[PDB]
$ cat work-v2.pdb   # PDB, C-alpha atoms
ATOM      1  CA  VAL A   1     -77.896 -66.473 -31.273
ATOM      2  CA  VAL A   2     -77.997 -66.323 -35.074
ATOM      3  CA  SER A   3     -79.430 -62.792 -35.415
ATOM      4  CA  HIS A   4     -83.010 -61.562 -34.848
ATOM      5  CA  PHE A   5     -85.113 -63.275 -37.542
ATOM      6  CA  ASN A   6     -85.917 -67.005 -37.427
ATOM      7  CA  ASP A   7     -86.028 -67.745 -41.182
ATOM      8  CA  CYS A   8     -89.811 -67.960 -41.662
ATOM      9  CA  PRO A   9     -92.899 -69.290 -39.797
ATOM     10  CA  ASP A  10     -94.240 -72.806 -40.412
ATOM     11  CA  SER A  11     -97.498 -71.656 -42.021
ATOM     12  CA  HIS A  12     -96.296 -69.056 -44.532
ATOM     13  CA  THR A  13     -93.487 -71.412 -45.541
ATOM     14  CA  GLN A  14     -94.292 -70.266 -49.099
ATOM     15  CA  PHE A  15     -94.622 -66.483 -49.538
ATOM     16  CA  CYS A  16     -93.185 -66.363 -53.081
ATOM     17  CA  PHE A  17     -92.659 -68.888 -55.885
ATOM     18  CA  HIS A  18     -88.988 -68.163 -56.604
ATOM     19  CA  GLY A  19     -87.739 -66.034 -53.716
ATOM     20  CA  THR A  20     -86.736 -66.803 -50.130
ATOM     21  CA  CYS A  21     -88.774 -65.296 -47.293
ATOM     22  CA  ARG A  22     -87.801 -63.480 -44.087
ATOM     23  CA  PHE A  23     -89.905 -62.611 -41.034
ATOM     24  CA  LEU A  24     -89.519 -59.513 -38.897
ATOM     25  CA  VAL A  25     -90.073 -61.166 -35.541
ATOM     26  CA  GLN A  26     -89.647 -57.724 -33.993
ATOM     27  CA  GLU A  27     -92.867 -56.547 -35.637
ATOM     28  CA  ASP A  28     -94.289 -59.807 -37.069
ATOM     29  CA  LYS A  29     -94.155 -59.148 -40.830
ATOM     30  CA  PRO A  30     -93.432 -61.816 -43.537
ATOM     31  CA  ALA A  31     -91.577 -60.634 -46.642
ATOM     32  CA  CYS A  32     -90.173 -62.051 -49.878
ATOM     33  CA  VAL A  33     -86.580 -62.282 -51.127
ATOM     34  CA  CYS A  34     -86.298 -62.720 -54.892
ATOM     35  CA  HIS A  35     -82.934 -63.827 -56.302
ATOM     36  CA  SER A  36     -81.369 -61.920 -59.199
ATOM     37  CA  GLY A  37     -82.896 -63.814 -62.132
ATOM     38  CA  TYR A  38     -86.633 -64.144 -61.386
ATOM     39  CA  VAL A  39     -89.394 -61.606 -62.060
ATOM     40  CA  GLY A  40     -93.119 -61.074 -61.359
ATOM     41  CA  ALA A  41     -95.175 -59.937 -58.343
ATOM     42  CA  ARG A  42     -94.559 -63.420 -56.936
ATOM     43  CA  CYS A  43     -91.388 -64.047 -58.943
ATOM     44  CA  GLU A  44     -93.529 -66.612 -60.781
ATOM     45  CA  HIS A  45     -92.008 -65.541 -64.108
ATOM     46  CA  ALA A  46     -88.345 -65.720 -65.124
ATOM     47  CA  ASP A  47     -86.009 -63.155 -66.588
ATOM     48  CA  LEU A  48     -85.637 -64.686 -70.104
ATOM     49  CA  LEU A  49     -81.887 -63.978 -69.972
ATOM     50  CA  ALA A  50     -80.789 -62.105 -66.846
TER      51      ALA A  50
END
$ encode --input "work-v2.pdb" --output "structure tokens"
Amino acid sequence: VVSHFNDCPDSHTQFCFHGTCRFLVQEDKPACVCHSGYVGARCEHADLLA
């Protein structure tokens, strides 16, 4: 009813420090969504300025 991806599973609730997470339920595949401002493989760091 909302779309085709139910936010994220209950186990991988944390796939990235600073960055949302989506889940292709059509092909089961968790991913990360970093917001403009964070940096690092796991967005663990922060863009000093922007």
$ residues_near_point --input "work-v2.pdb" --point "(-85.1, -59.1, -46.4)" --cutoff "9 Å" --atoms "only C-alpha atoms" --output "PDB file with C-alpha atoms, keeping the file's coordinate frame"
ATOM      1  CA  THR A  20     -86.736 -66.803 -50.130  1.00  0.00           C
ATOM      2  CA  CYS A  21     -88.774 -65.296 -47.293  1.00  0.00           C
ATOM      3  CA  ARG A  22     -87.801 -63.480 -44.087  1.00  0.00           C
ATOM      4  CA  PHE A  23     -89.905 -62.611 -41.034  1.00  0.00           C
ATOM      5  CA  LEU A  24     -89.519 -59.513 -38.897  1.00  0.00           C
ATOM      6  CA  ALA A  31     -91.577 -60.634 -46.642  1.00  0.00           C
ATOM      7  CA  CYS A  32     -90.173 -62.051 -49.878  1.00  0.00           C
ATOM      8  CA  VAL A  33     -86.580 -62.282 -51.127  1.00  0.00           C
TER       9      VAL A  33
END
$ atom_distance --input "work-v2.pdb" --atom1 "CA of residue 9 in chain A" --atom2 "CA of residue 47 in chain A"
28.3 Å
$ residues_near_point --input "work-v2.pdb" --point "(-92.7, -63.3, -36.9)" --cutoff "8 Å" --atoms "all atoms listed in the file" --output "list in words"
residues 5, 6, 8, 9, 23, 24, 25, 26, 27, 28, 29 and 30 of chain A
$ write_last_selection --input "work-v2.pdb" --atoms "C-alpha atoms" --output "short mmCIF file (atom, residue, chain, number, x, y, z; two decimals), in the frame of the given file"
data_model
loop_
_atom_site.label_atom_id
_atom_site.label_comp_id
_atom_site.auth_asym_id
_atom_site.auth_seq_id
_atom_site.Cartn_x
_atom_site.Cartn_y
_atom_site.Cartn_z
CA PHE A 5 -85.11 -63.28 -37.54
CA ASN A 6 -85.92 -67.00 -37.43
CA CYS A 8 -89.81 -67.96 -41.66
CA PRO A 9 -92.90 -69.29 -39.80
CA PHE A 23 -89.90 -62.61 -41.03
CA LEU A 24 -89.52 -59.51 -38.90
CA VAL A 25 -90.07 -61.17 -35.54
CA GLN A 26 -89.65 -57.72 -33.99
CA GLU A 27 -92.87 -56.55 -35.64
CA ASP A 28 -94.29 -59.81 -37.07
CA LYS A 29 -94.16 -59.15 -40.83
CA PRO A 30 -93.43 -61.82 -43.54
#
$ axis_aligned_box --input "work-v2.pdb" --around "range 2-16 of chain A" --padding-each-side "6 Å" --output "JSON"
{"center_x": -87.7, "center_y": -67.2, "center_z": -44.0, "size_x": 31.5, "size_y": 23.2, "size_z": 30.2}
$ resolve_selection --input "work-v2.pdb" --expression "the PyMOL selection byres ((chain A and resi 46) around 12)" --output "NGL selection string"
:A and (17-19 or 34-45 or 47-50)
